[PDB]
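Every number here is computed from the coordinates shown, using simple stated rules; none is lab data. Using ideal geometry, Cβ is built from the backbone for each residue, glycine included, and neighbour counts are taken over all protein chains shown.
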Amino acid sequence: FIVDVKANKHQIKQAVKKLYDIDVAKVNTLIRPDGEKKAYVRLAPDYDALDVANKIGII
Amino acid sequence: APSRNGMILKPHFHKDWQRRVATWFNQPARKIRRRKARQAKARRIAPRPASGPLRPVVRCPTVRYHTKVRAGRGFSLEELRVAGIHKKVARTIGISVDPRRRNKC
Amino acid sequence: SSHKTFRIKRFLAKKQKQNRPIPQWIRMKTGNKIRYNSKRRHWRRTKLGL
Amino acid sequence: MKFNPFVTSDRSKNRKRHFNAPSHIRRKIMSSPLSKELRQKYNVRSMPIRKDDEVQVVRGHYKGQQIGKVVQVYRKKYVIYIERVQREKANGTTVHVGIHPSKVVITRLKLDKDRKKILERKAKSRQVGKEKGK
Amino acid sequence: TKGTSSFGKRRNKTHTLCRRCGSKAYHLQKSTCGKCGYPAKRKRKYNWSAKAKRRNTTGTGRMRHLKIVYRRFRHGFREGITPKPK
Amino acid sequence: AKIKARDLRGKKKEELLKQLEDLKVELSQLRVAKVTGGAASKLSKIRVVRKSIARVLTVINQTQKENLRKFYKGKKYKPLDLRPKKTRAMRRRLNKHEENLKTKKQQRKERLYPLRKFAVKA
RNA sequence: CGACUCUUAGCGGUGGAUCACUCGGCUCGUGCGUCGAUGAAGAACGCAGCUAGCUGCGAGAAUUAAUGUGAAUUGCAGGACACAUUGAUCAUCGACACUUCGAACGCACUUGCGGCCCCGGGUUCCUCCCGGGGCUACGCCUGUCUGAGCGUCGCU
RNA sequence: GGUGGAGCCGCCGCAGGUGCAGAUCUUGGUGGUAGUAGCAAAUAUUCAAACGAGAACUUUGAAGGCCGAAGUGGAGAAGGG
RNA sequence: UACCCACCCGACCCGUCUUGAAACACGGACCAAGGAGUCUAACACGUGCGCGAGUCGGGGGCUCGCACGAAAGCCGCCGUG
RNA sequence: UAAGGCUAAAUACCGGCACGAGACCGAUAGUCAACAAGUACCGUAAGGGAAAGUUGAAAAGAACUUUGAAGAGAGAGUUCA
RNA sequence: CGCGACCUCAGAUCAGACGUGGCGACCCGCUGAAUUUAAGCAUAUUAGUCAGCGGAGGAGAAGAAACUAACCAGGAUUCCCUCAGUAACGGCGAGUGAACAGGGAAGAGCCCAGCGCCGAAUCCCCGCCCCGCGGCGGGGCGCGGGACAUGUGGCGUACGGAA
Ligand SMILES: [Mg+2]
Ligand SMILES: [Mg+2]
Ligand SMILES: [Mg+2]
Ligand SMILES: [Mg+2]
Ligand SMILES: [Mg+2]
Ligand SMILES: [Mg+2]
Ligand SMILES: [Mg+2]
Ligand SMILES: [Mg+2]
Ligand SMILES: [Mg+2]
Ligand SMILES: [Mg+2]
Ligand SMILES: [Mg+2]
Ligand SMILES: [Mg+2]
Ligand SMILES: [Mg+2]
Ligand SMILES: [Mg+2]
Ligand SMILES: [Mg+2]
Ligand SMILES: [Mg+2]
Ligand SMILES: [Mg+2]
Ligand SMILES: [Mg+2]
Ligand SMILES: [Mg+2]
Ligand SMILES: [Mg+2]
Ligand SMILES: [Mg+2]
Ligand SMILES: [Mg+2]
Ligand SMILES: [Mg+2]
Ligand SMILES: [Mg+2]
Ligand SMILES: [Mg+2]
Ligand SMILES: [Mg+2]
Ligand SMILES: [Mg+2]
Ligand SMILES: [Mg+2]
Ligand SMILES: [Mg+2]
Ligand SMILES: [Mg+2]
Ligand SMILES: [Mg+2]
Ligand SMILES: [Mg+2]
Ligand SMILES: [Mg+2]
Ligand SMILES: [Mg+2]
Ligand SMILES: [Mg+2]
Ligand SMILES: [Zn+2]
C-alpha cells in the first residue's frame, strides 16, 4: 500500500481492517524516495491475499 | 580658482542637497485640492460667511509697520463687555475671541 | 549520507521529482514559449543546495 | 474625444486589457452584427455570437453568401469556427479556419430564455435614448 | 598545500537548513541562523544592504492572508452577511 | 447528477455523513482504477468526486457553524471562532459607545452655547 | 588556363548589426491609506485525468458555497450536463475551510519526549495499550481563591 | 536597379542622453596563428566467435599478463544524492 | 569620377605625451553596437525683447471633470516683498 | 505664569492598495528583471547574480514518392512569400 | 497559642483581558562616524548626515504663551513667500548661518491637581429579566461582590472662579 506519511503502524492496521473487512498479522512501513510511505501489510494465515486483491480491483 | 574680478560666492551646496530636494510639481494640483476644500466647506455651512468669523481691527507692532492696520486674531475680552456680548456666546455667532489682548488705549 | 534525518530526506524527495522533462503536449498549448525544462539538475555538476 | 478620467485610452494599456481579458468579458468583445433583416425586426445592432448561430462570412479570402452554422468558439484563440469554413491539410484531414466575429454577419439567432431578455433590454435601451433626445 | 590539497579534507558542514529562514544558513556550533538570526526573536533585516532587504519582504512570498485583507478593505470590511439570495 | 448544494442545505446532519462516506469510498476505488489502467471515463470522475465531496462537507460545516452561532447569540461570552474578525487594530478600537460619550461638563456647555445658523450683510 | 596569393564583383555560408514593431520599464500627478496570539510577514511540504516550471491554491487542496454573468472548457482526452437548467465558464466575493514551521506557545528541535482532561476500541477505569477530541509558553492588568510574615496591632 | 513587407520624409520654429578609430574602453562576434601544440606517469596485449548498417575500443570463449592480500580484493563513516 | 590591371614620379604607421616620434617610447589582431564638457544654483559681462523711475514675480487667490490643462486667462492682489 | 494633561485643519510620503498621464526609453536602451528573474548559477556564509522578445494572418508546421543505419538530402506540396 | 483585622508579599492550566513580531517612503526618541573640504593638518568642515537602535500613525510631531516685542503695540501650533545667504559663528579661513516683524494657506480651542464646596453625590465585576446584538451596549431589579476616606463623582482652574 501507499499510505499517508503521517500514519502509524497501529493506524494503518485499524484502517486496512476497517475497509477491506480483513485482519492483519503485522505491518511493515517504509518511506520511498519521493516521500510516499509504503506499507507491506501481512494478513493473518486464515486470510488469503490473492483473493482480497481481486475485491480491491488490483492484480 | 578665482579669475579676474568676480564676487566671493559662498554657495551652500557643501552639505548634501541632492537627497533633500523638494520639487514642486504638486503646485498646480495643490491649488485644486485646496479649492475643493474651500468650496466644500462653504457648501457645508451654507448660510455663513465663507471667509470665516469676524476678526478685529489691529495695528502692526514695529515702528516700520506703524501706520498699517490688520485683521487681528480675535476680539479682545475688554472690548466685549462694552458691546455687551458674553465671551462664550460670541464664539457661536462668528466672532473670533482672543482672550490674550492687553488693551492700552 | 545513508544516515539521514527526516527533513533531509524530504528535501531530496522534492528535488528528485522536479528533475523529469517536460510533457510533450505542453508544447502544443496555445501561448507557449517553453521548449526544454532548463531547470534540470545532474548530480555530478551543480551539487544540491547543500 | 473621450472626457471621463477613470478611462484609459492608452495604446499599450488596453492592448493589455485585451489579451489578458477574462472569458466573461470576451463574450461582449466577440460580438458580431446582425443581418439587415433581423436588425429591422429586433432593433438590435449587434450580438455576442453563440455556439449554433447561423452566419455569413463578409470579408476574408472566402467571404461568400452561403449560410453556415457556427460550431465552436475559441475564446482563448479569440476567434470562431464555422460550418463549411475549412481548408484541407497536407494529409487530407480537414481543419476549420478561424473567423473573427467582427468580420461576420449573423443571419438567424439561436433564441433562448437568456438571449431574449438580452434582445429586449438591448432594444428597450436603444429607444430610451431616442426618447430622451426627443 | 594550501590549495587542491586542502580542498580535499572538507567533509563536515558548518551550516544547514534554518527552520525559519529556509536558507542553508544555520550555524550548528553557534546555534544562531545568521541570515535572519534564528533564536533571536526579531528578524535580521538591515538598512545597510537594500538589495538583500528587497530579496525577502512583504510581497515576495505568497501573502496568503494579507492578499485578501487588501480585498476586504476595498469593499468595506463587512462580515457576517450574505448577498441577497435568489 | 451533480450533488448540488440545493438538495443538501435542507437535510439531516447524520444523513449527509453517509453520502459523504459514500463518496469517500468511491474516490478510493477510482484511485485504484488510476493505477490499474482504468479508463478515460473513470479518470475524469476522480475530479468530479473530489469536488462532490467538498460539495457535501461544505454543507456540514455551514449548517454546524450556522447552528453554533445560534447558541451563543445573546450570551456575552462566546468563543474566538465566532467573535467578529476584522483587524487587530479594528477590534481594539473604541466601543462606539466610548467615543461618543461626553463628559458632563461638556454636555452642560453644549447646551447653553450651541452653534447658531446665521448669515450676514443683510 | 597549371597551384598558391591579392584585389573586385555574382552568388552561398558565418554571424547577428540596422530597421520596424512592444501585454515592460522609468518619471510625474491623483484617490485611498488596509498587518499579527481569533495566530502575521516569511519559509517548508503537498495538491491537476495526462503537469516539470511560473502562477493558483491547503488533505474540502489548479479550489469550496454564495451572487452576478449567461454557453463553454480546450494541448489531447474525458466528461457531466438536459444551455427552458445557480445553468458550463469567467468575474465578484460577504458564507465555510486554513498541512508544517514561523512573535510560535506543554519541553525540546532528533523530529524526540511528555503531562493534564475528556470520547471510542481495550477496559467494563483495571491500568496499561490502541484510536480520537480539549488544554498545558512568557510578561502584565482587574478581579478571585489559597496562603506567608518575632510587619502593625486588636481580641484573648 | 535589387530585396524588403509597413510605415516615412521636405520646409519654418522648439528640445536633446545628437555624430567615434583610439581610452591594456564595455558587450557580442570573428580571424591569423593551425589542422599546429597536443591526446607520452603505473611493463600488455593477441586469436576466434556473437551481436550488429557499422567493431582495434562492446559481449562470450581461448592465450598471455599485471594488481599480489600495508590490494586494483571484500565491507563501512563523513560526504554524495 | 568609381572596378581590375599597367607604368613614371612621390611616399615610413596611426593616436599620444613631448625641445624632438617612422622610432630599439607607449595604446592599437579584426568587425559590429555602446561610449565621455551634463543638469542645478550663484555671480559676471555681452547680446535680444517688454516696460521704464520704476519693473516684476512668487507664493497665494479668482476661473475645471484638463482632452488639449496639471496649460491659458484674470486679481485695490502688483508690493506685503 | 513654568515644575501636570488633551486637540481637528492646511503639512510630509522613492513602502502598500487602486488609478491617470508623458517634448521619457525603446530589447547592449528602459528597473537586476518586456520571457519559468531576484530565476539559472557561484560562494561554507554574510552576499553575489546573469543571459534570453519577433515564423505566418491561418499551422495551412511539408502528406506522399525516393536515397540513406540514421542525421541529412532529391522530387512533391503549403503559402503573397 | 489560638482566633480576627489591616499592611507588606507570594502561588494558581483560577474568572476575564492585553503585550511581543512584521512593514518601514513619510514620522518620533537616542546613537553617531570616516571618506571629503581647508590645495598639508589637529580646530573646524562633511554633520546631528550614513550605518546602528528603539517606537508609531494614516499622517506623525507640535499646540492655547513662564511668547513676541519696545510699537499709536502684537497673540496657540504647522506650512508657503519673505526676512536673506542677512544679525552672529569661524586656525574670523574653508566655510557655516537663524530669528522678529509683514503677506498668505488654514484657522478651534481646552482640561486637571490643588483651594474649596457638596451624607462617595462615584466606579468596577457578578446574578435575574426588558430591548439590542458581524465595531457588546443601553433600561430596570437585586444586603451579589469589590475598589475608594492614603480620596471616586458634580461645580471649578486663573480669560478669573466660588459663594
Ligand atoms: Mg483665510
Ligand atoms: Mg564533484
Ligand atoms: Mg470637572
Ligand atoms: Mg566573395
Ligand atoms: Mg552575404
Ligand atoms: Mg542579442
Ligand atoms: Mg502575620
Ligand atoms: Mg507583419
Ligand atoms: Mg532623448
Ligand atoms: Mg556608434
Ligand atoms: Mg610490481
Ligand atoms: Mg563493492
Ligand atoms: Mg625626453
Ligand atoms: Mg632608435
Ligand atoms: Mg606612459
Ligand atoms: Mg502647559
Ligand atoms: Mg537581446
Ligand atoms: Mg534589436
Ligand atoms: Mg536589460
Ligand atoms: Mg530575431
Ligand atoms: Mg533582432
Ligand atoms: Mg518575401
Ligand atoms: Mg512593534
Ligand atoms: Mg584636505
Ligand atoms: Mg588635494
Ligand atoms: Mg591627506
Ligand atoms: Mg574635525
Ligand atoms: Mg554636528
Ligand atoms: Mg538611519
Ligand atoms: Mg498628535
Ligand atoms: Mg500632544
Ligand atoms: Mg508666531
Ligand atoms: Mg537682498
Ligand atoms: Mg552645522
Ligand atoms: Mg475633589
Ligand atoms: Zn534563518
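Can you tell me, using C-alpha contacts under 8 Å and at least 6 residues apart, the relative contact order of chain F as a whole percent? Walk me through the numbers on the way to the answer.
Values: 40 pairs, mean separation 30.6, N = 122.
Result for chain F is 25 percent.
Helix B:27-44 against the longest principal axis of chain B: what's the angle in degrees, Cα atoms only, rounded to the nearest 10?
It works out to around 10 degrees.
Relative to the longest principal Cα axis of chain D, at what angle does helix D:113-133 sit, 0 to 90 degrees, rounded to 10?
Approximately 40 degrees, to the nearest ten.
Over the protein assembly as shown, consider all pairs of different Cα atoms and compute the Kirkwood hydrodynamic radius from their mean reciprocal separation; express it in Å, one decimal.
36.5 Å
With charges set only on the Cβ (+1 for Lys and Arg, -1 for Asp and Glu), what does the dipole of the protein assembly as shown come to about its Cα centre, in debye to the nearest 20? Display every interim value, and only then the final one.
Details: 166 positive and 35 negative charges, 754 e Å.
Result for the protein assembly as shown is approximately 3620 debye, rounded to the nearest 20.
Go through F:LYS4/F:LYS65; D:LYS28/D:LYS103; C:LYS39/E:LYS45; A:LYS37/F:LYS13; A:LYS17/A:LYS38 and tell me which ones have a Cα-Cα distance over 25 Å in this structure. Numbers along the way, then the final one.
Working: F:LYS4/F:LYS65 20 Å; D:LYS28/D:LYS103 15 Å; C:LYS39/E:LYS45 30 Å; A:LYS37/F:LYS13 34 Å; A:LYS17/A:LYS38 17 Å.
Long pairs (Cα-Cα over 25 Å): C:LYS39/E:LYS45; A:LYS37/F:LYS13.
Where the centre of each part is set by its Cα atoms, how far does the range D:24-81 sit from the range F:1-64, in angstrom?
The range D:24-81 and the range F:1-64 have Cα centres spaced 40 Å from each other.
Are there trypsin sites (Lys or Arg not before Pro) in the range B:30-105 that DSSP marks as loop and that have at most 14 other Cβ atoms within 10 Å, and which are they?
Sparse-neighbourhood loop trypsin sites (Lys or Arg not before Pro): B:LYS68, B:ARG73, B:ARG100, B:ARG102, B:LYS104.
Averaged over peptide F:116-122, how many Cβ atoms belonging to another chain are found within 10 Å of each residue's Cβ?
Across F:116-122, the average partner-chain Cβ count within 10 Å equals 4.
Need one number: the % of Cα-Cα pairs in chain A sitting beyond the 18 Å mark.
That fraction is 33 percent.
What nm value, rounded to one decimal, do you get for the distance between B:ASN26 and B:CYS105 when each label is placed 7 Å out toward the C-beta?
4.2 nm
Would you mind giving the mean number of other chain beta-carbons within 10 Å of the Cβ of each residue in F:107-115, as a whole number? Write down the numbers at each step before the final one.
Values: counts 0, 0, 1, 0, 0, 4, 7, 1, 6.
Partner Cβ neighbours, averaged per residue: 2.
To the nearest Å, what is the center-to-center distance of the range E:36-86 and the range A:15-57, using C-alpha atoms only?
So the two Cα centres are separated by 45 Å.
As an exercise, use a Förster radius of 45 Å and the Cβ-Cβ distance of E:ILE81 and B:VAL82 to find the FRET efficiency, rounded to the nearest 0.05.
Working: r = 61 Å, r/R0 = 1.36.
The computed FRET efficiency comes out at 0.15.
Order of D:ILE118, F:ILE46 from fewest to most other C-beta atoms within 10 Å?
Ordered by Cβ neighbours within 10 Å, fewest first: D:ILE118, F:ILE46.
Among B:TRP24, B:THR62, B:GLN39, whose Cα projects farthest towards the positive end of the dipole of the range B:22-67, with charges put on the beta-carbon of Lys, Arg (+1) and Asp, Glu (-1)?
So the residue we want is B:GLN39.
State the dimensionless ratio Rg/Rh of chain B (Rg: radius of gyration of Cα atoms; Rh: Kirkwood radius). Provide the component values of the computation, followed by the final result.
Working: Rg = 23.8 Å, Rh = 19.3 Å.
Using Cα coordinates only, the ratio equals 1.24.
Over chain E, what relative contact order in percent results from Cα pairs under 8 Å that are six or more residues apart? If you can, show how the numbers build up before the last one.
Working: 56 pairs, mean separation 9.6, N = 86.
Answer for chain E is 11 percent.
Which entries in D:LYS41/D:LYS69; D:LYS41/D:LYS76; C:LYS14/E:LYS67; F:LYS12/F:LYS86; F:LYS12/F:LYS34 show an alpha-carbon gap greater than 30 Å? Don't skip to the answer; put the middle values down first.
Working: D:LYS41/D:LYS69 21 Å; D:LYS41/D:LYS76 32 Å; C:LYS14/E:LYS67 27 Å; F:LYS12/F:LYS86 32 Å; F:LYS12/F:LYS34 33 Å.
In this structure, D:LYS41/D:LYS76; F:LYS12/F:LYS86; F:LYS12/F:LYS34 exceed 30 Å between Cα atoms.
Quick one: compute a quarter of the convex hull surface over the Cα atoms of the range D:19-134 and quote it in nm².
Working: hull surface 36.0 nm².
For the range D:19-134, averaging the hull's shadow over all directions gives 9.0 nm².
So what does the Cα-only Debye profile of chain F read at q = 0.11, 0.13, 0.17, 0.20 Å⁻¹, as log10 I(q)/I(0), no solvent term?
-0.68, -0.79, -0.98, -1.11
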